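FYI the Cβ positions are ideal-geometry reconstructions off the backbone, even for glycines, and counts take in every protein chain you see. What follows draws every value from the coordinates through simple rules; no lab data is involved.
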Amino acid sequence: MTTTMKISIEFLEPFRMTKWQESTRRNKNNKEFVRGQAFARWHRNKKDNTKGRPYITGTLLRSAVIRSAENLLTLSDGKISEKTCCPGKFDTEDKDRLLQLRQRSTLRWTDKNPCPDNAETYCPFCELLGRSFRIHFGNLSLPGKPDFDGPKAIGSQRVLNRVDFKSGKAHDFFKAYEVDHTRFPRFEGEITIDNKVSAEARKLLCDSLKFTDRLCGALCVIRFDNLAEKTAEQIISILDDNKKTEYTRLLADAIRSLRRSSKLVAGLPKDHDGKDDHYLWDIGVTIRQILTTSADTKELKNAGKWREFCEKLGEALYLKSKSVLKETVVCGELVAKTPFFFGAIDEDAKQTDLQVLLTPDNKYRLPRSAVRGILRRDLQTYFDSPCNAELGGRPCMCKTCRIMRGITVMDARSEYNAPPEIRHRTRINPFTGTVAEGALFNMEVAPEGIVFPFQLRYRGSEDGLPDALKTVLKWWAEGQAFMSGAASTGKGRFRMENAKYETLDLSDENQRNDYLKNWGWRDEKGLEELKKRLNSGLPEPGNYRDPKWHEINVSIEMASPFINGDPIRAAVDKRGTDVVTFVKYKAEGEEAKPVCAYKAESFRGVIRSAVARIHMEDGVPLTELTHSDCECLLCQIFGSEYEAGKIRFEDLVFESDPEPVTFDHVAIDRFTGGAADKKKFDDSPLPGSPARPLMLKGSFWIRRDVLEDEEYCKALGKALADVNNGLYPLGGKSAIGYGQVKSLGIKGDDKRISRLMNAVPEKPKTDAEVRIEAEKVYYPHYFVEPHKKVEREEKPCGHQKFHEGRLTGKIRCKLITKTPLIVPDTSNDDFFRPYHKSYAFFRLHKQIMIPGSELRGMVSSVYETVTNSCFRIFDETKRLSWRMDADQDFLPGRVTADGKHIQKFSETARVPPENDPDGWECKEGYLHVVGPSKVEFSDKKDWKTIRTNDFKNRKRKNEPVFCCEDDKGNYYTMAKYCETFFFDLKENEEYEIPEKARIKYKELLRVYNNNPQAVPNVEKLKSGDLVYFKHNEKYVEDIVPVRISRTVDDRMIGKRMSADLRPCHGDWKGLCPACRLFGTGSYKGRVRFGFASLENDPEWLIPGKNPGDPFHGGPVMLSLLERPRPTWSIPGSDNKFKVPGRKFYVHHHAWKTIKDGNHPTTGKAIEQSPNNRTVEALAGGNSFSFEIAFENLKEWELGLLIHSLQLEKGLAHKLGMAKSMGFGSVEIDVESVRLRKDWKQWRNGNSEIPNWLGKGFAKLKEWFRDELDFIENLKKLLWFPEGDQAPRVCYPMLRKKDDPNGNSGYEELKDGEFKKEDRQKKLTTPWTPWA
RNA sequence: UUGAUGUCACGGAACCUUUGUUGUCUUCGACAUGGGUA
Ligand SMILES: [Zn+2]
Ligand SMILES: [Zn+2]
Ligand SMILES: [Zn+2]
Ligand SMILES: [Zn+2]
C-alpha cells in the first residue's frame, strides 16, 4: 500500500536554474519565469539575506515521464500488452490559470477507440496520465540538505545572444545562471507509484524512467536508489609619500602579468647603469622588497591562491589608478589550430574589457550553445535558405529546423589551466601616423593546441544520416570549423579528428532492451565500452558542396631588422630594454612554448591602410570617411560595425630560430657637440640583413564571393603589388631602416590575384676658398651663427594619400671615406683587452655595415644648418656658473630668515686679548659647526688644528699661507684656518627670503658636491659665516659661503636663444622645415634611411694578428676625450653674451701623428689610462651603398636634400668618433633616382636633378635675399684640404711651462687675443688661428 | 516547501568594429680652490 522507493539523479552536464522570485512575483505573464520553467528553482530559508537552497519541481519530471511513455508507446507498434490503449485526454476548462501551453504536435500512433474515463479497467497510459490523486511525484531538493550562503557562491551568470545569418551581428540576448556539475552531482527524491493497477503499469513507468535522457537543460542519468588590501594600501602609501606617482597602470598590468608563476619576482631587471635603481621597481621599503616579503609567505606557497591574490591586488591598483528511430552516434576530438576566444563578461573584473570563459576549476570550457549555433549556421549556409523562426508560437517548418530537432551534443572541458596572456590593440591616426589618444584596450585569448572531446547523436525517421550533416562534418574534418569569436582577427579554427560513428535500430526488441538496460551508453563507463565497439570509419555525402572559404598562402622576405612593440614584456623582463619583440605562447598538454610572431591585427591594419590609400571615392579618401552606413569598397571587403568582413587574416610566424640582438642609441646636442643628459636609450629588435634575410610566412582566408568578383580581386592585387614594391613597411621604427619588404609571394589564387604583381649629372664646382698658413695653429671647432629668421608658416600634409605634384620613390647612394672612420659597437667593451674600455666596429650578421641612425643624424644636422630651422636637440635643463676673480660688494652677515626690523649686531673679523687692552671682545659665541671650504687645492705632494700646523711666514713677515699637500682627498674637509670669525661689530644687516636665491644656493651645493676635478655633505642653508650677502632695495641677491668663490647665474640656458630659434613646441605656432621633414614626437617623418653595406675587402689601418682573415683590423690608442665646456663659449654674466651657434668640426690630418703614439698638442707620448679608448678603424678609400626612401616630397625639398647629400666638389662630411682629431671624412655620391608614376610602372629620374637643384636654390633665395653668409661659413668649415697642404690643428694646452714649441697656453690666451669682450667674434670665424 | 487531464527551451554563437605607432649620430677641452695688503 503506497510503497515508496527512493530515486537519484546524476548530472553529466552543467545544469541551469532561473533567477529567484517571490510569491507575489510568481505569476504567468512574467517572461523570465516562463522561460525558466524548464529549469530548476531556488528557495530562500529566510528573506532577510540570501541563504537558501535549490530544488527541482515534480511537474518537469512528470513531463519527461509522459514524453518517454509516448515514445515507447509509439515505438512498440502502437499497442501495449494485450489491451487497447488510448491516444490520451486533451481538454482544458479554465484558460485563466494556464501557466504553460502545449504548442507541440502530439505523436499519433493509432486511430482506434479511446478508452473512457470510467470503465472496468484502466490502461497504463490512462493511469500514468492521471485519469484513474493516485501517483504522486516528490521534490528533488538536496541530499542531506546542506545550507548555502548565496546563489552566486554556487554558480555563475552567463549571457547568450542570437545572431543574424545575413549580417553576422547579434540583435538580442538573454542570461541565465549555470552551476558546475561536479559541485552538485547528485539529487535525491521520493516517488509513490501504484497500489492496485498490476505490474505492466510499473514496468511502463520503469522504462519511461530509464528512457528519460535529459532534464533541467542537461543530460542526466536517473537511477533507482587575506593581506591583499594591506599590501595594496602599503604600496599606495609608499607611492604617495615618495616621488614618481605616475606609471601605476603599467605597474598594475605588470603585476597582472606576474600571475603566471611565482619565480619571476626574483628576476626583475635593473637600471641601465647596472645599479639596483630601477625607475619602476626600486623607487623606495622598495616595491620589490614588498613583493619579496609577499613571495616568501607560508600562506602564498601554492599556485591558485597566489594567482587569486595577484588578481585582487592588480584589480585594487587599477581601481586606485581609475527500424524507426535509428539512434546514430558520432564521436571525435576538436583540436585548435589558432588561438580562440569564447566571450564571457564578468562584472568583478573591470580591467580587461573582454574576458575568456573559464570554469571555477580554472579550466577552459567549450559550451554546447556555440556548437548548436554554428551547426545551425553551417546548415543554413549549405542549404542557402534563411529561416524566420520567431521565439514562440507554432514551431517552424523549415528543413534546417527539422534537421536540428534531433541533434544533441556534449559540453567539453580541457586539462590546461594556465592563465591567459593579454593582447593590446591600438588605433593609428591616418593624418599623422601616430597612435590616437584614448585608443587603449586589452583582451586575452586561450592558446592554440587545446583539445576538446566531441559527441553528437541523431534521432529521426530516416535510414542513415543526412547528407547536409555529412557535408558539414566533412567541412569540419577538412579544417574549416570556425566556432569561436574574433574570426576576422583569425581566431578559432578547429579541426575535428578521429571521427567514429554507428547507427542503432530502435525497433528490434533485443536492441531496444539493450538500450534500456545499458541506459543509452551515456555514462563514462558506457562511453568507455562503447568506444571499443565503435566503428572507425566515416561515410561520404552524395550531394557534396564546396566550402565557402579558401586559403591563400603568403610569404614575405625582409632584408632588414624587425621589431613589434610590447610594453608589458618590457616591464616584466630579464634585461633592461625600452622595447622588446612580441612573443606568444602555444600549449601542448600542460606546457606552453613561446614563439616570436607577427600580429595579425598589425597585418590587417597595414593592408586596410594600403587599400584605403590606393582607392579613392569621389576625391575624398577612405581614411577620412567615417565608414558608417556606407557601401564603399573598404567596408565591403574588410567589414564595418554593422557587418562581418569577407576576409580573415591569420597570425604570421617567422621561420628558423632567430635570436634578438641589442642596439644602443643616444642623442647629440647641437651646441655643445656632446651627448645630452639622460638621453641614452636601448632597443632589442630581431636581426635582419641582405645576406641572411628573414622569412615571414603565413596565410589568410578569403571568401568565394570576393574571389569571383573581378574588381575586388583587382583592388587586392593593386594593394599587394604596392606592398611588394617596397612602399609599405611592416613593424615599427621604420625611419632607422626597420622592416622593409623585399619580395612578397602568394600562392593558392589560381593565377587570378597574383597576376597583377609583376644618365646622372655631376656635382657643381665650389667657389669658397680658405687661406692656409704653414706656421699657424687653428682651433679644432667653430660656430656658424645661423640666421635669426625661421619659417613656420607652412602647414604640413598628412599621410592619408598620395598628393598630386609630389614625388615618391627611392634614392640609391654611395659613400667613400677620405680619413679613417670609427663606428663603435657598444655591446662589448672588452674586445682587445684579454678596466680599459675597448669597443669594436659595427657588424650585423658578421658583415661590416653602418646603421642608418648615424647617417640620419648627419643629414639632419646638415639640412638643419642649410635651411634655417630650430635646434632639434638642446639641453635646456642646465644652468651656467662661473668663478669670479679677486678684485667690494659682498658684505659679511650672520642671520636666518624669520622676520624684519633687525639691527647691526654680531661680530665678524679676521683673527689667526694680549696685544691691546681693549680688543678681541668675546661674549657671544658657542660651538661652531661650519662648512669646510676655505683652503686652496695646490696639490704637489685633523680639521681642528691637528693635521696642519705650519705657516709660510719665514723671512718676509708676509703671506703666511703655506703650500700644502692636497692629494689624499684632504685639506678640503680640514679647513678654517685664519678664520674671519668675530671681534668687530660691522656686519649682519637686513635679510629677507626670496624664491630665487634659495634654489641658486642649493644648486651651488649641487656644483660643490658634484665636482669631478678636486675629489682627490650639506644641502641646507645654515649659519656660520655662510650669510655673505649683497642686497638691492629691500630684497637680497644670491649668498655665498666664501668671499671669493664660484657664482651661479639666475638666467636659464633656454633664454639664451633667439625669439624663434627655440625648439618647436607643436600642439597646434607652426613647424620649421627640419621638423617638417624629419618629423617630431607627434608627426611622422617622410624619409626612411637604410643600413649601408660594404662592397669589397675592407682595408684596415693596422693589420690583425691573423693574416688569414681580412675582416679584422688592428688596435689604435686614442687620446683623452673629455666633456665640452660651455663656460669658454659663453664668457660671463653679461647680457650681451649669447650663444654663438651650432658647432662644426674641421678637416685635418692629425691622425697621422696619432698613429705613432703622439698627442695632437704635445707630441710627446700617449700612456695607458682608465679614461680613453682603444678602437679599430676603417682606412680611407672604402665604398658603402645605401638607399633613402621618400614619400610626398616637394621638388625643392628633394633638391635641398640632394644638395645636402652631394654638397660640392671639394667638401665632405663628418661621421663617427673623435671629430676633433680629424676622423671620419666621408662624401656621398648619388647613383640613381627612381620615381613612382603609377602602381604598375616605375620610371627614370636620373634627369631633372639640375631642375630640382634650381628650385631648391630659388627657395633659398626666396627665404633669404642676400644674408646667406652662413652658407659660405658652412663651405669654409666643410672645405677639405688639398694635396701638399697639411695645416696643424690642435687644442691649446693647460700651461706654457711644459711646451717645447713655446706656444701660448690658455692662461695667456685669456688676457690677449681671446679677451672676454671679443671671444664670441674670434670663435665665429672659420680657420682663425691662435698661435 | 512541486500539486496531478497538455512544458519542442538541445527554440537563441556575446557576434561584429581598431598597425603599440611616433621623435633622438654611444658622443667629447679648459680648468678646480682661497687668500693676501692697506
Ligand atoms: Zn487510456
Ligand atoms: Zn529555421
Ligand atoms: Zn566604408
Ligand atoms: Zn623645429
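Annotation: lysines with alpha-carbon distance below 19 angstrom to residue A:270 (same-chain offsets under eight excluded): A:243, A:244, A:574, A:678, A:679, A:680. Normalising by residue count, the range A:1091-1175 has a Cα convex hull of 193 Å³ per residue. Look at the dipole of the range A:228-321 built from charges on Cβ: of A:280, A:242, A:295, the Cα furthest out on the positive end belongs to A:295. Counting only residues at least eight positions apart within a chain, or on another chain, the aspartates and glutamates with an alpha carbon under 14 Å from that of residue A:718 are A:710, A:1238. Taken over the range A:1268-1320, the alpha-carbon convex hull comes to 117 cubic angstrom per residue. Note on residue A:624 and residue A:922: the model spin-label points, each 7 Å out from Cα along the C-beta direction, lie 8.8 nm apart. Computed over the alpha-carbon pairs of the range A:228-321, the distance histogram in 5 Å steps reads 3, 13, 25, 28, 20, 9, 3, 0 percent, short to long.
Pairs exceeding 18 Å between alpha-carbon atoms, taken from A:28/A:145; A:1055/A:1138; A:28/A:95: A:28/A:145. Scoring A:167-173, A:1204-1210 by mean Cβ neighbours within 10 Å over their residues and listing the highest first yields A:1204-1210, A:167-173.
With the helix formula -39500 (n - 2.57) applied to DSSP H stretches of n ≥ 4, chain A reaches a computed 222 nm mean residue ellipticity of -6000 deg cm²/dmol. Taking the Cα centre of the range A:1237-1331 as origin and assigning +1 to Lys and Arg Cβ atoms and -1 to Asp and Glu Cβ atoms, the resulting dipole is close to 440 debye. Each of A:1312, A:860, A:1160 was scored by the projection of its Cα onto the charge dipole of chain A, and the greatest displacement toward the positive side belongs to A:860; charges sit on the C-beta of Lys, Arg, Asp and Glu.
Within the same chain, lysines fewer than 8 places from residue A:166 are excluded, and of the rest, those with a Cα less than 21 Å from its Cα are A:399, A:491, A:548, A:646. Calculated from the alpha-carbon coordinates, the range A:871-1001 shows an Rg and a Dmax of 19.6, 70 Å respectively.
Remark: the range A:327-546 carries a charge dipole of roughly 320 debye about the Cα centre, counting +1 on each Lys and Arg Cβ and -1 on each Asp and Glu Cβ. In a reduced charge model with +1 at each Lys and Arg Cβ and -1 at each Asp and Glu Cβ, the range A:228-321 shows a dipole moment near 440 debye about its Cα centre.
Seen from a random direction on average, the alpha-carbon convex hull of the range A:553-756 projects onto 16.4 square nanometres.
Placing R0 at 51 angstrom, the Cβ-Cβ distance between residue A:1006 and residue A:497 gives a FRET efficiency of 0.10 after rounding to 0.05.
For GluC sites (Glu not before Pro), the sites in the range A:1125-1194 that DSSP calls loop and that have at most 10 other Cβ atoms within 10 Å are A:1167.
In terms of the mean number of neighbouring beta-carbon atoms within 10 Å, the peptides A:110-120, A:415-425 order highest first as A:415-425, A:110-120. Treating r as the C-beta distance of residue A:507 and residue A:697 and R0 as 51 Å, the FRET efficiency rounds to 0.40. Among A:1052, A:1221, A:483, the ranking by other beta carbons within 10 Å of each residue's beta carbon, starting with the fewest, stands as A:1052, A:483, A:1221.
Pairwise Cα separations in the range A:327-546 fall into 5 Å bins from 0 onward with the following percentages, short to long: 1, 6, 11, 15, 15, 14, 13, 10, 6, 4, 2, 1, 1, 0, 0, 0.
Measuring max minus min along each principal axis, the C-alpha atoms of the range A:74-121 give extents of 40, 26, 15 Å (largest first). Each listed q (0.07 Å⁻¹) maps to a log10 I(q)/I(0) for chain A, found by the Debye formula over equal Cα scatterers with no solvent: -0.95.
Label separation (residue A:1272 vs residue A:755): 6.6 nm, computed from points 7 Å beyond Cα along the C-beta direction. Sorting A:707-713, A:407-413, A:1089-1095, A:942-948 by average packing, meaning the other beta carbons within 10 Å per residue, from highest down gives A:1089-1095, A:407-413, A:707-713, A:942-948.
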